[PDB]
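A.B. asks:
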Amino acid sequence: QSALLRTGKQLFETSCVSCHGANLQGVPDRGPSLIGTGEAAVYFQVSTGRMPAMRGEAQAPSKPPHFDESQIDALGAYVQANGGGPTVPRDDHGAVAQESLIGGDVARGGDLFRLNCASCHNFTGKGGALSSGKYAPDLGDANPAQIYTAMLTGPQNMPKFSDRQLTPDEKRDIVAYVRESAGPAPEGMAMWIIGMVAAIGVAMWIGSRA
Amino acid sequence: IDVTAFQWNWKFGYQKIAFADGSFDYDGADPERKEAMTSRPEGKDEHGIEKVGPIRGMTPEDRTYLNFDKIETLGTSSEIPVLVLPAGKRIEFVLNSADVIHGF
Ligand SMILES: CC(C)=CCC/C(C)=C/CC/C(C)=C/CC/C(C)=C/CC/C(C)=C\CC/C(C)=C/CC/C(C)=C/CC/C(C)=C/CC/C(C)=C/CC1=C(C)C(=O)c2ccccc2C1=O
Ligand code: HEC
Ligand code: HEC
Numbered sequence: 072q073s074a075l076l077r078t079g080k081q082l083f084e085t086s087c088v089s090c091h092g093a094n095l096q097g098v099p100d101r102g103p104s105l106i107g108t109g110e111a112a113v114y115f116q117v118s119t120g121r122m123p124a125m126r127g128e129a130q131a132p133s134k135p136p137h138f139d140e141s142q143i144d145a146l147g148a149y150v151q152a153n154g155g156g157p158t159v160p161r162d163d164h165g166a167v168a169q170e171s172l173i174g175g176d177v178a179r180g181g182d183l184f185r186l187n188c189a190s191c192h193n194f195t196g197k198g199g200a201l202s203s204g205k206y207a208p209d210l211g212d213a214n215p216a217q218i219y220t221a222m223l224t225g226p227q228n229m230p231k232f233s234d235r236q237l238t239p240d241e242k243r244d245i246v247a248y249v250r251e252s253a267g268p269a270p271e272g273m274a275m276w277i278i279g280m281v282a283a284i285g286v287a288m289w290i291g292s293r294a
Numbered sequence: 131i132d133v134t135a136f137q138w139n140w141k142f143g144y145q146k147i148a149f150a151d152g153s154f155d156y157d158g159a160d161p162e163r164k165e166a167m168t169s170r171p172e173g174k175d176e177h178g179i180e181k182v183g184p185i186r187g188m189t190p191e192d193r194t195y196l197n198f199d200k201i202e203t204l205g206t207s208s209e210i211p212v213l214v215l216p217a218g219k220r221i222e223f224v225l226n227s228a229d230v231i232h233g234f
């Protein structure tokens with residue numbers, strides 16, 4: 072859409088031309104080229120948990136998003152028009168699909184998960200620890216579009232799964248597994277042991293058995 | 131046949147085919163094997179640690195031993211995998227497991 076590309080350039084020019092200079096071209100040793108990353112990869116950062124961290128680091132916190140849902144779409148259309156790549160799954164209305172991305176299979180939605188991706192994470196969906204300063208995040212926060220976009224646009228040190236590698240269907244099923252899956269007492273006992281055994285043993289010491 | 135056996139199903143890779151009679155100029159996929167060398171310049175400490183990795187410089191979650199192939203006959207929980215083999219030929223199985231020890 073003409074407005075979506077236009078808004079995207081204005082928001083891009085004010086956040087990442089420091090690491091992706093001009094029309095999605097990466098700054099060397101600061102950030103990668105954004106040509107070919109596409110809307111869903113942009114979905115996987117600002118829309119998803121891992122918004123990029125200005126301090127360079129091995130991993131980023133899924134820090135609170137700095138751009139709203141219309142803005143994430145405008146930023147994404149700028150990088151899909153500039154680059155050309157994966158697009159975020161969207162519902163009939165045009166919102167990013169979340170419920171539709173809930174896969175029917177959770178049994179196979181799970182089996183897929185263990186061979187593909189369970190290992191860097193947890194079978195539960197709890198985090199795993201990875202390469203240099205790299206960890207695999209807990210996938211509890213991720214909404215279903217987030218889940219589909221980590222797999223389609225492989226983030227950082229996360230294996231990228233193409234729609235051919237994991238079909239659009241299985242990615243939904245994967246979402247179904249990694250979403251379906253998602267004083268007085270000590271004080272009194274401390275008395276009855278420490279304090280009362282101390283007092284009673286002291287009495288036994290002072291007193292006399294008979 | 132690259133027989134990966136992950137948690138509760140199978141995957142068959144067809145690493146290589148070379149018929150003695152002469153056919154099947156086919157091979158597996160050398161890419162897709164990504165290590166997990168946690169060779170960060172510095173860890174939580176300020177300097178000196180420069181931790182390479184727990185074991186042989188790699189983290190336990192490495193999966194470099196796992197070999198991958200172009201033709202993967204992954205078995206889903208609702209679709210039993212069917213490794214198809216040519217009759218009359220010598221079939222080698224390169225066995226590996228993704229998560230846990232189990233049997234084939
Ligand atoms: C209790 C009694 C002698 C009754 C006489 C029969 C009678 C007239 C019954 C009519 C009343 C009725 C209906 C009673 C039934 C239930 C009942 C007793 C209700 C009232 C409760 C009440 C107001 C008083 C009962 C108090 C009492 C005698 C408690 C037991 C005390 C004794 C002999 C303790 C052993 C000595 C000793 C070395 C203790 C320290 C060692 C440890 C760890 C003992 C176990 C232990 C205890 C004893 C804790 O109290 C406790 C509290 C909170 C957290 C953990 C613990 C714990 O681990
Ligand atoms: C230092 C400041 C910094 C800011 C601000 C920043 N980025 Fe990044 N970006 C990075 C770094 C470093 C990476 C590499 C980590 C990774 O690959 O996920 C990255 C990764 C990405 C990726 C994934 C590339 C890939 O395929 O692996 C996309 C898409 C992206 N950024 C777009 C954006 C958009 C859109 C904005 C802001 C509107 C933005 N970035 C803000 C530094 C930044
Ligand atoms: C090492 C193998 C590895 C595989 C395979 C893998 N991941 Fe990840 N994943 C990572 C690492 C490392 C990150 C950190 C990169 C990032 O978050 O930008 C990550 C990022 C994520 C995030 C970031 C959002 C959040 O919750 O913070 C989600 C969600 C996620 N993965 C879920 C999945 C799902 C679902 C699959 C497959 C169905 C999968 N991953 C495949 C290791 C992997």
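Chains as they are written, first to last, in PDB author numbering: chain O, 72 to 253, 267 to 294; chain Q, 131 to 234. Idealized CB from N, CA, C, for every residue including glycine.
Quick one: any contact between the stretch 196-203 of chain Q and the stretch 140-148 of chain Q, if contact means 3 or more CB pairs under 8 Å?
C.D. replies: yes
A.B. asks: By Cβ distance below 7 Å, which residues in the same chain neighbour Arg161 (chain O) in space, the five residues on each side in sequence not counted?
C.D. replies: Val167, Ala168
A.B. asks: State the Cα-Cα distance for the pair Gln142 (chain O) and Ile231 (chain Q), rounded to the nearest angstrom.
C.D. replies: One alpha carbon belongs to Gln142 (chain O), the other to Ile231 (chain Q), and they sit about 48 Å apart.
A.B. asks: Is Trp276 (chain O) near ligand 1, with its Cβ less than 7 Å from a heavy atom?
C.D. replies: yes
A.B. asks: Cβ of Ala111 (chain O) within 7 Å of any heavy atom in ligand 2?
C.D. replies: no
A.B. asks: What do you reckon, is the C-beta of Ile245 (chain O) under 7 Å from a heavy atom of ligand 3?
C.D. replies: yes
A.B. asks: Do we get a CB-CB distance below 8 Å when we pair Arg170 (chain Q) with the residues of chain O?
C.D. replies: At least one beta carbon of chain O lies nearer than 8 Å to the beta carbon of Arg170 (chain Q).
A.B. asks: Over what stretch of residues does the beta strand (DSSP E) that includes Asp132 (chain Q) continue unbroken?
C.D. replies: Here the beta strand (DSSP E) through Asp132 (chain Q) covers 132-136.
A.B. asks: Would you say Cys87 (chain O) touches ligand 2, meaning its beta carbon is less than 7 Å from a heavy atom?
C.D. replies: Yes, ligand 2 has a heavy atom inside 7 Å of this Cβ.
A.B. asks: For ligand 3, is there a heavy atom less than 7 Å away from the beta-carbon of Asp209 (chain O)?
C.D. replies: yes
A.B. asks: Going by beta-carbon coordinates alone, are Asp132 (chain Q) and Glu165 (chain Q) separated by less than 8 Å?
C.D. replies: no
A.B. asks: I'd like to know whether the C-beta atoms of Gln217 (chain O) and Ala148 (chain O) end up nearer to each other than 8 Å.
C.D. replies: no
A.B. asks: Using the beta-carbon of each residue, which ones in chain Q are nearer than 7 Å to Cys191 (chain O)?
C.D. replies: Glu191
A.B. asks: From the DSSP output, which residues share a beta bridge with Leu225 (chain Q)?
C.D. replies: For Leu225 (chain Q), which the question treats as bridged, DSSP gives the partners Q:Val133.
A.B. asks: Considering only heavy atoms of ligand 3, does any lie closer than 7 Å to the CB of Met288 (chain O)?
C.D. replies: no
A.B. asks: Indicate whether the contact test is met: 3 or more Cβ pairs, each with one atom in the stretch 186-195 of chain O and one in the stretch 210-229 of chain Q, closer than 8 Å.
C.D. replies: yes
A.B. asks: Could one say the Cβ of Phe136 (chain Q) lies closer than 8 Å to chain O's Cβ atoms, at least one of them?
C.D. replies: yes
A.B. asks: Does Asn197 (chain Q) get closer than 8 Å to chain O when you measure Cβ to Cβ?
C.D. replies: no
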